[PDB]
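Student: There's a structure below that I have some questions on.
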Amino acid sequence: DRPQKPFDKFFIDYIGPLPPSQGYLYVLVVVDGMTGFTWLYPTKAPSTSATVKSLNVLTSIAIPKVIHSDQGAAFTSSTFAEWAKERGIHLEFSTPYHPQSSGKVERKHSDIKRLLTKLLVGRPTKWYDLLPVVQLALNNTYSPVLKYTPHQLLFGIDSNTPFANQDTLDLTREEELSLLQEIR
Amino acid sequence: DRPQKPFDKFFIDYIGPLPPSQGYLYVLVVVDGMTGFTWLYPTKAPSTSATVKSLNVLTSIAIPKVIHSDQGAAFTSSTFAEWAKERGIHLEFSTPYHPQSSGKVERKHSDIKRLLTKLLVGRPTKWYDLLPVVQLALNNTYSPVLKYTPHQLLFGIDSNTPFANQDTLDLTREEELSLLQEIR
Amino acid sequence: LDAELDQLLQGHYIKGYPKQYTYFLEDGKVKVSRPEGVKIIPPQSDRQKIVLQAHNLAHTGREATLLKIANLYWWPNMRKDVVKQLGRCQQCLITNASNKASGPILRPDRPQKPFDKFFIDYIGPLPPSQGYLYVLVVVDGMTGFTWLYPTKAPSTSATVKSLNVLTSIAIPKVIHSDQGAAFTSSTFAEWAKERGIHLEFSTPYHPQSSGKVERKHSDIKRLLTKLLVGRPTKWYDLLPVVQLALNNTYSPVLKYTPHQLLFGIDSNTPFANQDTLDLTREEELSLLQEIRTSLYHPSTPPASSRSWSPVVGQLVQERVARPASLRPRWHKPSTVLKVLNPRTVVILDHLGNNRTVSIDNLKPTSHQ
Amino acid sequence: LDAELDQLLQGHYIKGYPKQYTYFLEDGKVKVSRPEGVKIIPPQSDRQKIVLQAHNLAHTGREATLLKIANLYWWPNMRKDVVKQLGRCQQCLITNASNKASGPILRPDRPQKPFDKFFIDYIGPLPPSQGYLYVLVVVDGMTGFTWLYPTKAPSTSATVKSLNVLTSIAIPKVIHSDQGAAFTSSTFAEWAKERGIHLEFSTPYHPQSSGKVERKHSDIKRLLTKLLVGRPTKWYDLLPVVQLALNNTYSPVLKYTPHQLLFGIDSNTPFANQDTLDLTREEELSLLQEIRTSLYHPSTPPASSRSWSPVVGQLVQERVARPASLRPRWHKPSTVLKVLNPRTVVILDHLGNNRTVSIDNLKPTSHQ
DNA sequence: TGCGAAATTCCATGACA
DNA sequence: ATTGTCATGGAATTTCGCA
DNA sequence: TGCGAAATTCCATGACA
DNA sequence: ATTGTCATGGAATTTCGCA
Ligand SMILES: C[C@@H]1CCO[C@H]2Cn3cc(C(=O)NCc4ccc(F)cc4F)c(=O)c(O)c3C(=O)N12
Ligand SMILES: C[C@@H]1CCO[C@H]2Cn3cc(C(=O)NCc4ccc(F)cc4F)c(=O)c(O)c3C(=O)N12
Ligand SMILES: [Mg+2]
Ligand SMILES: [Mg+2]
Ligand SMILES: [Mg+2]
Ligand SMILES: [Mg+2]
Ligand SMILES: [N+]
Ligand SMILES: [N+]
Ligand SMILES: [Zn+2]
Ligand SMILES: [Zn+2]
């Protein structure tokens with residue numbers, strides 16, 4: 001069986017609803033399976049149409065052989081099926097209530113939820129502008145399993161933005177009370 | 001003494017008043033002394049200013065060493081003297097009441113007065129448009145003294161408009177009564 | 001189709017498919033093990049479609065199209081099928097650039113006599129001066145002698161007004177111009193017929209053809225510019241001065257001024273040449289005839305290493321004159337009817353009209 | 001003056017005036033009988049004025065000016081006095097054209113890594129499409145990989161919006177652009193400083209310098225044109241397709257697509273190359289490093305027969321960028337301060353500002 | 001029948017949109 | 001059915017002045 | 001160890017205003 | 001303080017297939 005490569009499998013998922021930022025509410029999250037490389041896209045809804053619109057941007061740079069997703073309505077619609085078939089992309093769904101990814105992807109998703117949370121405190125509404133820096137952070141984060149960042153694996157070079165500060169990623173006791181304030 | 005050449009001497013003179021044609025009343029007549037080549041310019045008046053304005057056109061093609069004229073006011077004005085001095089042109093006047101040219105020039109002037117007269121009958125008012133054809137006729141007219149037309153002497157070639165019909169130039173008995181009509 | 005590919009599988013030889021290679025079935029497709037890798041041999045009935053899919057990704061030419069196909073397939077003589085498609089892609093043919101140069105320029109003989117041929121052309125619009133915006137420039141072919149007329153528009157009527165004044169002096173056999181509206185109107189044709197003047201037209205959009213007069217523009221504007229340095233651009237009053245100045249300027253290769261070539265003697269201008277002072281006019285005119293015929297004539301330059309020259313029957317394409325944004329730069333292929341000279345041809349366009357056209361506005365249709 | 005010319009009259013020898021000729025007085029002027037004719041020798045104190053009168057008739061250069069003077073005068077070393085005046089005629093110096101070519105172009109090394117250097121530039125205005133008029137084109141130096149962004153204006157704000165999206169993927173060391181308003185604004189400088197990106201600017205009015213991206217425009221418009229044949233020019237929806245198509249196109253000289261050079265493996269696009277299917281990613285990346293360093297590099301072409309190369313201290317003139325009608329095409333002479341490389345220099349203008357400038361926008365001031 | 005320097009000729013370069 | 005041209009200013013080559 | 005033909009490489013040409 | 005580039009498609013050259 002052939003070694004795993006970038007573009008073999010894109011894992012896509014929605015995060016949100018979030019506090020509105022520049023009129024956006026959700027993040028479509030795309031993670032390359034082999035590299036751990038992450039792309040993020042703000043959307044106004046977890047619809048097939050917002051999904052197609054975002055993936056059209058991404059697929060003008062790279063087309064995955066397979067897209068893997070849970071059974072979100074956006075992903076199981078017949079429109080989304082047509083879209084994938086047109087591009088020769090095989091669709092693949094995890095069984096309902098049992099999301100399977102890979103360790104790498106699950107841990108990546110984890111980093112994303114945690115990193116977003118850490119940055120949205122104090123500024124729950126300014127996340128739109130932070131999406132670029134989030135991705136750079138995520139893609140220049142050192143992977144313990146391989147010796148390389150997703151950037152290094154995708155492009156085969158060092159990056160000009162190494163995030164040499166491996167971050168706290170935990171919410172300082174201050175911010176824990178700040179977050180427990182926004183829910184009041 | 002050196003042989004006579006084109007541009008040695010321009011003989012200038014006014015003809016008119018004439019019946020108004022496109023608002024013009026006079027013809028300034030310029031004849032090259034050596035070649036017999038004629039240039040005609042319509043003016044609104046026999047003034048220094050109309051003279052300078054016409055000769056500026058001509059002298060943008062060729063500048064004569066000497067201009068010869070009678071003692072017309074236009075030619076004896078100090079403005080006209082300044083104009084000639086600026087261009088390094090020597091002015092030369094025939095003595096009053098005794099116009100001296102050369103045989104060639106006198107005969108040329110004669111041809112002009114006669115040719116104009118023949119053409120202004122029936123159309124005393126359409127001479128403005130005829131000035132080009134008048135000059136061509138005049139400049140492609142065979143000279144008995146030399147074997148050549150003024151065109152041939154100026155440019156050293158045959159012309160593409162030979163006036164091979166040596167014209168009547170006399171007024172037919174019909175036109176004599178037509179001219180004796182316009183004076184009534 | 002599957003016919004040819006069958007004999008191949010059982011180890012028999014077909015022309016084109018070299019025998020020293022192992023051909024087999026796998027995943028329902030005919031394959032082969034070539035040095036670079038294992039490639040699919042599609043049936044002949046499939047090939048055209050493949051070439052077309054590969055070409056159409058980015059409408060690429062020979063090598064770039066081949067390199068896509070070669071990633072998945074091999075068959076005999078692949079480029080031949082690629083080149084076939086390139087020659088049939090209307091979009092490529094009308095959009096791509098030529099990579100063949102025109103054959104070397106002609107240097108037509110200098111007209112034999114003053115007034116044999118006038119070259120005329122407009123300059124402008126220039127900065128308004130006394131309400132004037134254009135200059136009609138008339139250049140006598142043989143002598144280079146130039147006349148300048150200020151106009152308000154590059155119109156027939158202004159052209160006629162100016163030439164009526166000029167032709168007072170002499171009528172020329174021929175007047176050559178480009179295809180500007182002023183010179184192609186029926187009013188202007190009439191005006192010339194009336195005077196026994198033949199109108200000669202440049203091939204369209206090829207100012208080289210009016211080169212005698214075009215080149216004079218540069219000298220005119222150049223002298224206007226120098227005279228106008230640090231002043232407002234009041235050029236109208238300077239035309240007469242410029243005309244006179246240029247007509248009495250030496251061309252270093254000829255060693256004569258255009259005034260000299262027209263009259264055989266300088267008028268009363270500064271630094272008049274005096275060498276023929278003792279000759280009679282007749283002696284002067286005779287020396288002038290001799291000077292006129294012995295003038296330097298340039299020769300056709302060497303062809304560039306990759307030029308083309310037109311051949312009767314050849315498919316060729318006219319350059320679109322003023323192509324809109326994102327629109328093809330070339331017309332559809334047309335056929336060479338007649339080769340007037342090595343740089344000028346009549347083509348049948350596809351409409352089909354006869355068009356007389358410069359080789360510089362043509363490309364030879366690629367891939368035959 | 002009359003001093004030198006006196007000794008001459010009484011048959012004594014002065015340096016410069018050859019002895020085998022008869023010098024005399026006539027009409028109050030010193031003359032001489034030279035093969036071509038009898039010429040006036042003016043006093044040295046008169047000569048400059050003469051040269052100037054002759055030059056100023058039509059502001060002619062060496063030979064054409066000499067030929068006027070030689071009609072009436074002779075003195076020793078006439079051309080030297082002519083050349084002196086030519087070098088002092090401000091009008092000639094700023095109006096005339098150069099007849100010396102630039103030295104041969106540099107082929108700067110390909111950036112070593114993807115993201116080492118971006119080249120950016122605008123195309124447009126294009127026909128309105130969805131309210132969009134321009135395209136920001138970003139080309140990665142090493143890979144040729146290109147990103148396309150539709151904009152409404154070629155503005156800083158639109159540039160920043162697009163690059164914020166792109167730099168999501170990676171931040172480049174350098175961004176090279178021309179001197180368009182969008183790229184030279186302090187807002188854009190800030191935007192780059194914030195990200196540790198160095199802004200590199202082309203010398204002004206020299207699109208060669210942005211040649212990596214300029215050349216990509218041609219491919220972009222060409223593919224848009226073909227795709228839009230016989231349809232209205234709705235290009236906005238096609239940018240993504242064109243981007244993808246070009247990034248996956250082979251360059252025949254490199255034998256790779258820009259996508260391949262950036263990722264080392266094709267994505268799921270038609271005719272994907274499969275040669276590294278059995279390699280590990282790590283093996284693949286290692287073969288990619290090797291491919292990246294062994295890419296073809298063009299060399300500096302041969303110089304043309306009459307090129308100039310700049311020298312510190314030389315008088316040179318900058319081309320006027322957008323000269324008005326009938327106005328000089330060259331600025332006043334300025335001095336070469338530093339030669340950055342054989343095709344690029346810093347000059348002191350006469351204001352005097354330091355200006356970094358392409359040799360292509362320069363001429364060496366004539367006549368020293 | 002030969003030298004150094006001046007004069008003349010050659011011709012690449014760019015520009016007429 | 002028509003077609004490049006030629007000022008410019010260093011360099012190359014020739015001619016001059018003298019012996 | 002050499003032939004005819006195919007494949008590959010060379011590179012002038014033109015175009016990004 | 002910075003710097004031309006590269007698709008194209010015939011022609012030239014090299015390599016292949018076979019002996
Ligand atoms: C509206 C008419 C209809 C026909 O086409 C246009 C456009 N045109 C263009 C140029 C021009 O591009 N000159 C630059 C040039 C380029 C190369 C060369 F060798 C000589 C050169 F002068 C003209 O000179 C010109 O007269 C016209 C013109 O009259 N028209
Ligand atoms: C307003 C800014 C300020 C600076 O100048 C202008 C004008 N400009 C002109 C071209 C242009 O002439 N491209 C043609 C081209 C010519 C030769 C070559 F080798 C490559 C080429 F692409 C551009 O591409 C371009 O970007 C600009 C531009 O941005 N601006
Ligand atoms: Mg024209
Ligand atoms: Mg023109
Ligand atoms: Mg630009
Ligand atoms: Mg540009
Ligand atoms: N000819
Ligand atoms: N470099
Ligand atoms: Zn095509
Ligand atoms: Zn000057």
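By order of appearance in the structure tokens: chains A, B, ..., then residues from 1 within every chain, and ligands from 1 in the order shown.
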Distance limit 6 Å, reference ligand 6, atoms considered: only C-alpha atoms (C1' of nucleotides) and all ligand atoms. Which residues make the cut? Give them as a list in words.

Tutor: residues 121, 207 and 214 of chain D

Student: Any residue with an atom at most 9 Å from ligand 4 counts, using only C-alpha atoms (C1' of nucleotides) and all ligand atoms. Which are they? Put them as a list in words.

Tutor: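 Checked against 9 Å with only C-alpha atoms (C1' of nucleotides) and all ligand atoms; the hits are residues 120, 121, 122, 123, 178, 207, 208, 210, 211, 213, 214, 215 and 217 of chain C; 16 and 17 of chain E.
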
Student: So which residues touch residue 12 of chain F within 12 Å, counting only C-alpha atoms (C1' of nucleotides), skipping near sequence neighbours fewer than 6 positions away, as a compact mmCIF listing (two decimals) with C-alpha atoms (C1' of nucleotides), in the first residue's frame?

Tutor:
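Okay, selection22.txt is ready:
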# COMPACT_ATOMS: atom_id res chain seq x y z
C1' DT E 8 35.23 61.92 -43.93
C1' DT E 9 32.51 57.95 -44.08
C1' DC E 10 30.23 54.17 -41.72
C1' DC E 11 26.33 52.56 -39.45

Student: Dump as a VMD selection string the residues of chain D that approach chain E to within 7 Å, counting only C-alpha atoms (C1' of nucleotides).

Tutor: chain D and resid 97 99 to 101 306

Student: Do you know which residues are within 7 Å of ligand 10 using only C-alpha atoms (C1' of nucleotides) and all ligand atoms? Can you write them as a PyMOL selection string?

Tutor: chain D and resi 55-56+59-60+86+89-92

Student: Hey, can you check how far atom CA of residue 81 of chain A sits from atom CA of residue 67 of chain A?

Tutor: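 Atom CA of residue 67 of chain A lies at a distance of 10.8 Å from atom CA of residue 81 of chain A.
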
Student: Using only C-alpha atoms (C1' of nucleotides) and all ligand atoms, determine which residues fall within 12 Å of ligand 9, then list them as number ranges by chain.

Tutor: C: 51-62, 64-65, 82-96; D: 222-229

Student: May I have the residues within 10 Å of ligand 8, computed using only C-alpha atoms (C1' of nucleotides) and all ligand atoms, as a list in words?

Tutor: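 With only C-alpha atoms (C1' of nucleotides) and all ligand atoms and a cut-off of 10 Å, ligand 8 is contacted by residues 106, 107, 108, 109, 110 and 111 of chain D; 2 and 3 of chain H.
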
Student: Write out as a list in words all residues of segment 15-102 of chain A that backbone DSSP assigns to strand (DSSP E).

Tutor: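 Those residues are residues 15, 26, 27, 28, 29, 30, 31, 32, 38, 39, 40, 41, 42, 43, 66, 67, 68, 69, 90, 91, 92 and 93 of chain A.
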
Student: Pick out the residues sitting within 10 Å of residue 80 of chain B, and hand them over as a list in words; count only C-alpha atoms (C1' of nucleotides), and ignore anything fewer than 2 positions along from it in its own chain.

Tutor: residues 47, 48, 49, 51, 52, 73, 74, 75, 76, 77, 78, 82, 83, 84, 85, 86 and 91 of chain B

Student: I'd like the contact shell of segment 190-192 of chain C - 12 Å cut-off, only C-alpha atoms (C1' of nucleotides), skipping same-chain residues fewer than 3 positions apart - returned as a list in words.

Tutor: residues 156, 157, 159, 160, 161, 163, 164, 167, 171, 172, 173, 174, 175, 176, 182, 183, 184, 185, 186, 187, 195, 196, 197, 198, 199 and 200 of chain C

Student: Now that the selection is made, can you save its residues with N, CA and C atoms as a short mmCIF file (atom, residue, chain, number, x, y, z; two decimals), in the first residue's frame?

Tutor:
data_model
loop_
_atom_site.label_atom_id
_atom_site.label_comp_id
_atom_site.auth_asym_id
_atom_site.auth_seq_id
_atom_site.Cartn_x
_atom_site.Cartn_y
_atom_site.Cartn_z
N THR C 156 -10.84 65.90 -45.03
CA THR C 156 -10.74 66.07 -46.47
C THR C 156 -10.76 67.56 -46.81
N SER C 157 -11.72 68.29 -46.27
CA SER C 157 -11.87 69.68 -46.66
C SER C 157 -10.61 70.48 -46.35
N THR C 159 -7.63 69.20 -46.07
CA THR C 159 -6.61 68.63 -46.92
C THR C 159 -6.67 69.28 -48.31
N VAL C 160 -7.88 69.36 -48.86
CA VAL C 160 -8.12 69.98 -50.17
C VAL C 160 -7.70 71.46 -50.15
N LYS C 161 -8.11 72.20 -49.12
CA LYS C 161 -7.71 73.61 -49.01
C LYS C 161 -6.19 73.77 -49.11
N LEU C 163 -3.79 71.52 -50.18
CA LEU C 163 -3.23 71.06 -51.43
C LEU C 163 -3.58 71.96 -52.62
N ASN C 164 -4.77 72.57 -52.64
CA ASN C 164 -5.03 73.61 -53.65
C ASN C 164 -3.96 74.69 -53.58
N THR C 167 -0.50 72.95 -54.85
CA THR C 167 -0.49 72.55 -56.25
C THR C 167 -0.56 73.74 -57.20
N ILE C 171 1.83 70.25 -59.99
CA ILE C 171 0.94 69.13 -59.75
C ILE C 171 1.80 67.89 -59.76
N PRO C 172 1.57 66.97 -58.81
CA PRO C 172 2.41 65.78 -58.76
C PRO C 172 1.75 64.64 -59.51
N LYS C 173 2.52 63.68 -60.02
CA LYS C 173 1.92 62.50 -60.67
C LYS C 173 1.13 61.69 -59.66
N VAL C 174 1.76 61.40 -58.52
CA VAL C 174 1.19 60.53 -57.49
C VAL C 174 1.16 61.19 -56.09
N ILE C 175 0.10 60.90 -55.34
CA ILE C 175 0.05 61.23 -53.93
C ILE C 175 -0.16 59.95 -53.12
N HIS C 176 0.80 59.65 -52.25
CA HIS C 176 0.72 58.47 -51.42
C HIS C 176 0.32 58.85 -50.01
N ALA C 182 -9.61 61.32 -44.07
CA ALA C 182 -9.36 62.46 -44.95
C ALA C 182 -8.92 62.09 -46.36
N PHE C 183 -8.16 61.01 -46.50
CA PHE C 183 -7.54 60.67 -47.78
C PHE C 183 -8.28 59.62 -48.59
N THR C 184 -9.25 58.95 -47.95
CA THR C 184 -9.95 57.81 -48.58
C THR C 184 -11.37 58.17 -49.00
N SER C 185 -11.82 59.36 -48.63
CA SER C 185 -13.17 59.83 -48.97
C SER C 185 -13.35 60.03 -50.47
N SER C 186 -14.59 59.90 -50.94
CA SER C 186 -14.82 60.03 -52.38
C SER C 186 -14.60 61.48 -52.82
N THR C 187 -14.88 62.43 -51.93
CA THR C 187 -14.58 63.83 -52.21
C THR C 187 -13.11 64.02 -52.54
N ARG C 195 -7.55 66.48 -61.28
CA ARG C 195 -6.24 67.07 -61.57
C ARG C 195 -5.26 66.08 -62.19
N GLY C 196 -5.77 64.91 -62.54
CA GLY C 196 -4.93 63.91 -63.15
C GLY C 196 -3.89 63.39 -62.19
N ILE C 197 -4.17 63.48 -60.89
CA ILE C 197 -3.30 62.93 -59.83
C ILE C 197 -3.73 61.52 -59.43
N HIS C 198 -2.80 60.56 -59.45
CA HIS C 198 -3.11 59.19 -58.98
C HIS C 198 -2.94 59.02 -57.44
N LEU C 199 -4.00 58.60 -56.75
CA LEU C 199 -3.93 58.30 -55.31
C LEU C 199 -3.40 56.90 -55.04
N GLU C 200 -2.32 56.83 -54.28
CA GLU C 200 -1.72 55.57 -53.90
C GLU C 200 -1.91 55.43 -52.39
#

Student: When you draw a straight line from atom CA of residue 78 of chain D to atom CA of residue 47 of chain D, how long is it in Å?

Tutor: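 Separating atom CA of residue 78 of chain D from atom CA of residue 47 of chain D is a distance of 9.1 Å.
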
Student: Between atom CA of residue 201 of chain D and atom CA of residue 336 of chain D, what is the distance in Å, rounded to a tenth?

Tutor: 19.8 Å

Student: Let me make sure I understand: among C:130, C:209, C:353, C:98, which one has the smallest atom-to-atom distance to residue 10 of chain H if we use only C-alpha atoms (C1' of nucleotides)?

Tutor: C:98
